[PDB]
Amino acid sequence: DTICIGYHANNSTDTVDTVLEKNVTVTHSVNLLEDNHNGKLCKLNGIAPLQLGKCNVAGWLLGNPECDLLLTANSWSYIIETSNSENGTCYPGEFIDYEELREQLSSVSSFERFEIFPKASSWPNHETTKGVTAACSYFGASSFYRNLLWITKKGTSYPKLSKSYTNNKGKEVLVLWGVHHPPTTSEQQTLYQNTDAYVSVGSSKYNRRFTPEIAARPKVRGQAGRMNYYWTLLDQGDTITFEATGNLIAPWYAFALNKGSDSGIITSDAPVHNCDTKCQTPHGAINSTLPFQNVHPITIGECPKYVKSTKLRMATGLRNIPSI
């Protein structure tokens, strides 16, 4: 009669590493590292993202004739750009504080596009029907951004304009506008007459003024002239005032929005589905349970700390030593 005290053993081949030994085969282990992903761009906290596809952020907001499909955009928890997001500022120029805008619009609760300054009867005694370019072509035809209005000149006189808008939307209002800079002083007159024009925007929280910086410069996608894009978030009850003697690409449409916190812009060609997630990455949504992940450094949400590890397996059982 004998009794022996011993320990469990099985067919497990899981192996963990220890301070003293490498690849110790153990009976039961647990993985603390996430290295999978549904390879899908999902909803983040129950709110789908905003797809831009061919269009990029600048294109979408400015109203590029190729982003007509994003003119109804609403909700969205984070923005998605693709390896095809090349349709933006069809008309050469600098998008002032662009990165800053992209970041601030990362997440939006409500977003409504409205006519802040309607084309029809807003700029009477001003040419509001020639403001078209071939750089921004819509189906062969020469067009222009859908949210900005290129105010030309009526006949042979371009009078001083002045319009105001008071945000009574009960939420911030994103006002976008541009200043145009001709390649010369010859074009500066044939369009805005006053070869000494100026543009000025005034808010209780704004005042930068502008003057056409006519200079000789190369041509980009056609034009030698340049259009700098500007934006501003008009607070409730505040009043933005525009006035110019020329070179103003006046705001036509503006967006009334409600920003919550702030996510980011995932850029990936991965499919988009109705799946949900707490952590989203370029390659796909990740699981937010394990304390570490090696799927991608750039993530959005409540995510597992990114690590260069490939294996973080934790022993739960004991050394596995079978054989009979």
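Note that residue numbering follows the sequence shown and begins at 1.
**Asked** Which has higher Cα B-factors on average according to the PDB entry: 228 to 236 or 199 to 207?
**Response** Per the deposited B-factors, the answer is 199 to 207.
**Prompt:** Looking at the deposited entry, does 159 to 167 or 189 to 197 carry the larger mean Cα B-factor?
**Reply:** Result: 189 to 197.
**Asked** Reading the B-factor column of the entry, which of 178, 183, 93, 118 has the highest value at its C-alpha atom?
**Response** Going by the entry's C-alpha B-factors, 183 comes out highest.
**Prompt:** From 135, 173, 250, 105, can you pick the one with the highest C-alpha B factor in the entry?
**Reply:** The record points to 135.
**Request:** Rank-wise, by C-alpha B-factor, drop residue 26 into the lowest, middle or highest third of its chain.
**Result:** Lowest third of the chain for residue 26's C-alpha B-factor.
**Message:** Ranking every modelled residue in this chain by its Cα temperature factor as given in the entry, which third contains residue 321?
**Reply:** Middle third by C-alpha B-factor.
**Item:** CA B-factor placement of residue 59, once the chain's modelled residues are sorted into thirds
**Value:** Lowest third of the chain for residue 59's C-alpha B-factor.
**Request:** Relative to the other modelled residues of the same chain, rank the CA B-factor of residue 111 and answer lowest, middle or highest third.
**Result:** Tercile = middle for this residue's CA B-factor.
**residue 242 CA temperature factor, ranked by third within the chain** = Residue 242: CA B-factor falls in the middle third of its chain.
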